[PDB]
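In what follows, a single structure is set out as structure tokens and then discussed.
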Amino acid sequence: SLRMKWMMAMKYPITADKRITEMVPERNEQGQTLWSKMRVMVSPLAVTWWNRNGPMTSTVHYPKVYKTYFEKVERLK
Amino acid sequence: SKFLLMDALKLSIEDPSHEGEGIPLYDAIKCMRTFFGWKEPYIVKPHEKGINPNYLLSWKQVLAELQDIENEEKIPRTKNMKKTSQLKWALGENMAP
Amino acid sequence: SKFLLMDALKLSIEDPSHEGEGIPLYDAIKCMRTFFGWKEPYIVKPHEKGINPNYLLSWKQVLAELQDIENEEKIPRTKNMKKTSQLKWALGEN
Amino acid sequence: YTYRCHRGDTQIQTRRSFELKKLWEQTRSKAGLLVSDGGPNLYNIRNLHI
């Protein structure tokens with residue numbers, strides 16, 4: 001889709017809630033910005049940063065109803 | 001001395017194209033891009049005269065202003081820093097009798 | 001066809017470094033700077049329709065405008081041509 | 001190409017390269033990284049339904 005490959009080339013194409021400010025810093029180590037103020041507009045670098053070093057929770061109730069997919073993986077091996 | 005001699009290292013751009021004759025600013029930027037491993041800065045030896053947070057803020061401002069070139073319609077030839085509190089203190093612009 | 005097939009030749013850039021990521025305009029300028037042997041142009045096969053001096057002036061204007069970037073203090077990312085008589089005739093603005 | 005997610009051990013320079021490198025050098029089992037963030041592709045004919 002040409003629409004998708006026209007807004008990933010511009011900064012801040014993703015929307016999130018205001019709680020992102022208290023958890024993700026405005027700038028990273030190299031000095032690249034991660035979000036801007038006028039919901040707020042965020043950058044994919046924020047997603048990568050969260051996946052890199054963010055809060056960790058190890059609850060097991062999240063994959064609760066996902067156990068039907070794991071049966072396929074078990075049967076495939 | 002003006003520049004330190006024995007305790008210096010270099011960040012090489014290695015080979016440039018033989019026909020490449022350009023502005024020093026972009027050569028410096030290309031040299032900077034080839035390095036990964038920045039961290040959060042902190043002080044290991046104070047100056048025992050002056051304010052060290054000003055030094056930290058100056059380094060951070062230099063890095064941020066070097067990264068913020070992309071927010072410009074036209075590419076500049078030289079970079080002019082913002083006149084900030086820590087830079088004003090460092091350059092001594094407010095101790096003039 | 002939109003572009004010719006058998007007759008094309010290229011002005012190469014001779015193995016750019018692995019760290020070279022840039023704008024197409026400056027790549028084109030770098031490719032142009034590697035060639036020497038330009039002379040005064042002249043028409044060798046007319047079109048039998050239309051005005052050919054307009055084509056010659058268009059090519060000359062392209063060369064001059066590409067060579068006339070060093071006078072700008074804030075070099076740009078894209079180049080916009082100037083609206084001239086020959087170019088307006090060629091593009092069929094009227 | 002569309003989501004600017006190339007592998008960690010690549011020389012392509014984009015705006016997402018720095019954080020992908022940092023994540024790549026931090027992990028231990030690199031085959032468990034998703035493709036969306038600097039990972040290899042393990043899909044084949046036998047895996048298309050998972």
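Just so it is clear, none of the values below were taken in a lab; they were calculated from the coordinates. Counting neighbours? That spans all protein chains shown, and the Cβs are built from the backbone with ideal geometry, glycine included.
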Nearest-20 debye value, chain B charge dipole, Cβ charges on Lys, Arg, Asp, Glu:
500
Debye, to nearest 20: dipole size of the protein assembly as shown, +1 on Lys, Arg Cβ, -1 on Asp, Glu Cβ
1300
Note, C:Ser58: beta-carbon cut-off 15 Å, +1 each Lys/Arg, -1 each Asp/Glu, net +3
How big is D, in µm² s⁻¹, for region B:1-48 by Stokes-Einstein at 4 °C and 1.567 mPa s if Rh is the Kirkwood radius over C-alpha pairs?
92
Sort the following peptides by mean Cβ neighbour count (other Cβ atoms within 10 Å, averaged over residues), highest first: D:35-41, C:59-65.
D:35-41, C:59-65
Hand me the trypsin sites (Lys or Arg not before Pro) from region C:3-45 located in a DSSP loop with no more than 16 other Cβ atoms within 10 Å, in residue order please.
C:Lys10, C:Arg33, C:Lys39
For region C:86-94, what does the Karplus curve 6.51 cos²θ - 1.76 cosθ + 1.60, with θ = phi - 60°, yield as ³J(HN,Hα) per residue in whole Hz, taken in order and with x for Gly and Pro?
5, 6, 5, 5, 5, 7, x, 5, 5
Looking at B:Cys31, B:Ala8, B:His18, which one has the Cα that reaches farthest to the positive end of the dipole of region B:1-40 (charges on Cβ: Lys, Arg +1; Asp, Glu -1)?
B:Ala8
Under a Cβ-only charge scheme (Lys and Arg +1, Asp and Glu -1), can you give me the dipole magnitude of chain A about the Cα centre, in debye to the nearest 20?
300
What nm value, rounded to one decimal, do you get for the distance between B:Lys60 and A:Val73 when each label is placed 7 Å out toward the C-beta?
4.1
Structure shown: which of B:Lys83/C:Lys82; C:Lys49/C:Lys83; A:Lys5/B:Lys39 lie over 27 Å apart, alpha-carbon to alpha-carbon?
B:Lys83/C:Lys82; A:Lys5/B:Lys39
Which of C:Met81, A:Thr57, A:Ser43 sits closest to the plus end of the dipole of the protein assembly as shown, meaning its Cα is farthest towards the positive end, when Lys and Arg get +1 and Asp and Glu get -1 on the C-beta?
A:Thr57
Value in Å of the Kirkwood radius, where chain A supplies the Cα pairs that are averaged:
15.5
Value of relative contact order over chain C, rounded to a whole percent, pairs C-alpha under 8 Å and six or more apart:
27
Under the definition of partner shielding as Cβ atoms of other protein chains within 10 Å of a residue Cβ, what is the mean value for peptide A:28-36?
6
Rounded to the nearest 500, what is the 222 nm mean residue ellipticity of the protein assembly as shown from helices alone, with -39500 (n - 2.57) per DSSP H run of 4+ residues and division by all residues?
-9000 deg cm²/dmol
Helix axis angle, B:24-33 relative to chain B longest principal axis, alpha carbon, degrees:
90
Hydrodynamic radius of the protein assembly as shown per Kirkwood, over alpha carbon pairs, in Å:
25.9
Rounded to whole angstrom, the alpha-carbon centroid of region C:6-63 lies from that of region B:18-97 at a distance of 40
Here the relative contact order (percent) of chain D, from C-alpha pairs under 8 Å and at least 6 apart, is 38
What does the charge count near D:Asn41 come to, summing +1 for each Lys or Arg and -1 for each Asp or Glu among other residues with Cβ under 15 Å from its Cβ?
+1
